[PDB]
Amino acid sequence: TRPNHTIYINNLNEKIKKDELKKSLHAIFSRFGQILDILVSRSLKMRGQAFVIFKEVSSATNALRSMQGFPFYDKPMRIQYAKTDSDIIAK
Amino acid sequence: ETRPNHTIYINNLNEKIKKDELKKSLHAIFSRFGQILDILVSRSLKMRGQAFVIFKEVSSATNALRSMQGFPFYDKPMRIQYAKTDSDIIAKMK
Amino acid sequence: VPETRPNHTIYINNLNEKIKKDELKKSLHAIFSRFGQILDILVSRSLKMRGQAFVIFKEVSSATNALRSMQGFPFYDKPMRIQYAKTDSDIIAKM
Amino acid sequence: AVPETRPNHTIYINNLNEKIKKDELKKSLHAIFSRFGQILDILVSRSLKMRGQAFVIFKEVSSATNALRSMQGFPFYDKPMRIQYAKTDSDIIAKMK
Amino acid sequence: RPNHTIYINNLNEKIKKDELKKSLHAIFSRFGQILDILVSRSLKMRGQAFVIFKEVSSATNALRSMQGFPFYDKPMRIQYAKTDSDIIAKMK
RNA sequence: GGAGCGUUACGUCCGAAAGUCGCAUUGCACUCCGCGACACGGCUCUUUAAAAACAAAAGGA
RNA sequence: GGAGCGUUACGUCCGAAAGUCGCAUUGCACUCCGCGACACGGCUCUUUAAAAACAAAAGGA
Ligand SMILES: NC(=O)c1ccc[n+]([C@@H]2O[C@H](COP(=O)(O)O)[C@@H](O)[C@H]2O)c1
Ligand SMILES: NC(=O)c1ccc[n+]([C@@H]2O[C@H](COP(=O)(O)O)[C@@H](O)[C@H]2O)c1
Ligand SMILES: [Mg+2]
Ligand SMILES: [Mg+2]
Ligand SMILES: [Mg+2]
Ligand SMILES: [Mg+2]
Ligand SMILES: [Mg+2]
Ligand SMILES: [Mg+2]
Ligand SMILES: [Mg+2]
Ligand SMILES: [Mg+2]
Ligand SMILES: [Mg+2]
Ligand SMILES: [Mg+2]
Ligand SMILES: [Mg+2]
Ligand SMILES: [Mg+2]
Ligand SMILES: [Mg+2]
Ligand SMILES: [Mg+2]
Ligand SMILES: [Mg+2]
Ligand SMILES: [Mg+2]
């Protein structure tokens with residue numbers, strides 16, 4: 001809701017495989033700043049969702065609302081801030 | 001409907017026969033009903049395969065209808081009927 | 001009853017009528033080929049010809065050996081009944 | 001003025017590689033020309049008339065204009081295509097006899 | 001990783017192997033001597049092909065020049081082919 | 001309602017063919033041919049037989 | 001038993017389990033993990049992966 005190092009993306013094409021998605025997401029979000037990591041899981045609870053962990057918050061914000069709705073594998077991205085800090089960031 | 005007119009409208013004619021040949025072939029088989037004033041033929045898109053026959057009298061035409069309906073003509077069976085309007089006619093011959 | 005006079009052509013019946021023509025015609029060729037050159041196999045599902053086939057051999061000895069070796073052989077759950085053809089097949093009389 | 005060439009739903013292609021069997025040539029032509037719109041037929045012949053040449057008959061005349069403009073000089077079997085609108089139906093029937 | 005061989009995908013899959021090869025030659029011969037075109041319609045190769053050029057020069061020009069080129073109504077991706085080992089595994 | 005249209009499944013050929021389930025049949029042929037039954041969206045036209053498009057969620061090889 | 005063989009339906013192509021369909025699921029983690037399906041006669045060899053052949057009563061498009 002409130003800014004954070006890590007952006008929460010959902011409404012993602014659930015049929016892309018974990019590895020292709022990460023690299024696709026990397027290509028289009030790396031222009032915004034350094035990506036620490038992208039978490040992807042094809043869980044029931046976690047499919048269609050990604051967490052991109054930026055090094056700097058400013059990179060996250062700039063990415064969040066400039067890529068909002070970006071068409072990606074034929075579905076518009078919905079991007080919001082993660083409600084908690086990612087583990088790597090709060091350690 | 002289609003009120004008796006001295007002009008008859010004919011179609012299902014073969015379209016390969018030349019205008020002028022078709023014209024006098026029609027003249028021969030239709031003169032035995034009355035004195036033709038004119039026969040209107042053309043192979044435009046909308047007059048090919050069809051013709052108008054104009055006698056002096058309406059009796060001539062009403063008789064050529066019934067006598068010559070289905071008549072085999074260059075291997076096709078003629079389809080005759082009365083002209084609808086002296087307008088439709090002038091509108092087929094552009 | 002049966003036709004015992006040797007002929008180039010054997011007449012099988014008691015065949016399974018549910019079998020399709022060219023499966024039967026080719027299953028027959030698979031089980032009879034080893035007796036000699038087969039000139040033709042004739043199958044017909046018509047009313048009076050279903051259930052039954054003619055296998056034409058080049059040599060009467062093939063036919064005899066085929067008739068004798070295969071009598072009663074179980075075939076699509078029916079044992080073939082085999083006899084000789086009452087008359088020659090046309091392919092034959094030419095020659 | 002110089003007159004604008006009259007469009008046609010059929011395009012005349014030449015400077016084609018004559019070493020290609022005519023039935024492959026059609027199929028390869030369909031591969032690069034179906035994007036511009038529906039093809040109704042492709043005309044090739046082994047007669048000396050049609051040597052190195054073909055006609056691609058489109059449904060819509062707009063499609064032949066896009067294909068003529070987009071694929072002019074396109075290299076095809078290592079030989080650049082020369083494309084023009086076909087003239088008449090009677091012209092095609094002559095070279096296809 | 002520039003290489004003798006290009007890997008084409010997003011190819012129309014409702015086309016027969018023999019024709020696909022001959023059509024891919026008609027459009028790629030311009031760039032160099034094609035040593036072979038590898039097509040197959042297996043679940044693993046369908047919609048894809050390998051084109052092998054004598055020289056790496058030719059695969060580079062082909063990859064850039066023919067990128068997205070519309071072909072059987074579909075625009076092709078041309079990527080560089082991986083290793084000979086990867087290729088032999090995709091054919092079967 | 002009735003006719004005409006057989007275009008369409010991967011994508012061809014059929015749809016007056018075929019296949020399938022019944023019922024009959026133990027039968028000697030060389031060209032076929034027992035009986036019964038079991039699909040199809042749409043578009044024309046209006047007792048006529050033409051016109052020109054067209055479906056795999058509907059049948060068979 | 002186990003490997004290799006994908007030839008076959010009208011008759012072409014296919015017949016990938018680190019995979020593929022189908023159904024569910026819009027879900028805030030830092031993590032294995034929703035549910036349901038994936039047919040096939042036979043040949044050949046015997047932990048080798050070669051070699052020639054081959055079925056629609058068995059799966060697709
Ligand atoms: N579309 C056509 O050209 C065409 C022609 C004949 C039959 N059919 C189909 O066959 C079915 C039975 O045809 P009829 O009702 O014309 O005998 C129709 O309902 C129609 O679906 C279609
Ligand atoms: N005849 C062949 O060349 C061939 C090859 C592969 C599979 N098959 C069929 O596929 C089935 C499954 O085969 P596998 O036992 O090789 O998985 C076999 O039982 C066989 O029916 C046949
Ligand atoms: Mg993308
Ligand atoms: Mg058996
Ligand atoms: Mg189709
Ligand atoms: Mg058809
Ligand atoms: Mg009918
Ligand atoms: Mg209907
Ligand atoms: Mg049926
Ligand atoms: Mg059949
Ligand atoms: Mg054993
Ligand atoms: Mg196969
Ligand atoms: Mg067929
Ligand atoms: Mg067959
Ligand atoms: Mg599962
Ligand atoms: Mg064998
Ligand atoms: Mg078998
Ligand atoms: Mg398919």
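A, B, ... follow the sequence lines: proteins, then strands. Residue 1 opens every chain.
- The bases G:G42 and G:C5 are paired, Watson-Crick or G-U wobble, with both atom distances under 3.5 Å.
- With rounding to the nearest 0.5 angstrom, the NZ atom of C:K20 is 8.0 Å from the CD atom of C:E23.
- Phosphate contact (OP1/OP2 of G:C33, side-chain N/O of A:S41, threshold under 4.0 Å): present.
- In this pair, C:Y11 and C:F54 present their aromatic rings perpendicular. The plane angle is above 60°, beyond the 30 to 60° band.
- For G:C32, the OP1/OP2 oxygens have no side-chain nitrogen or oxygen of A:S43 closer than 4.0 Å.
- The bases of G:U47 and G:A57 do not line up as a Watson-Crick or G-U pair with both contact lengths under 3.5 Å.
- Between the side chain of C:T9 and the base of F:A29 there is no donor-acceptor pair of N/O atoms closer than 3.5 Å.
- In terms of polar N and O atoms assigned as donor or acceptor, the side chain of C:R50 comes within less than 3.5 Å of the base of F:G34 in a complementary pairing.
- Note on C:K48: a side-chain N or O is less than 4.0 Å away from OP1 or OP2 of F:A29.
- Between A:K18 and A:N10, it is A:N10 whose nearest contact on RNA chain G lies nearer the 5' terminus.
- A donor-acceptor contact under 3.5 Å is formed by the side chain of C:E17 with the base of F:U25.
- Within residues 68-82 of chain A, the residues having any heavy atom closer than 4.0 Å to RNA chain G are, in order of number, A:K75, A:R78, A:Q80, A:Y81, A:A82.
- An OP1 or OP2 oxygen of F:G11 is reached within less than 4.0 angstrom by a side-chain nitrogen or oxygen of E:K14.
- Nearer the 5' end of RNA chain G, as judged by each residue's closest nucleotide, is the contact made by A:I38, out of C:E23 and A:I38.
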task: Could you encode protein contacts along nucleotides 48-56 of chain G as a string, one character per nucleotide from 5' to 3', using B for base contact, S for sugar-phosphate-only contact and - for no contact, with a heavy-atom cut-off of under 4.0 Å?
output: ---------
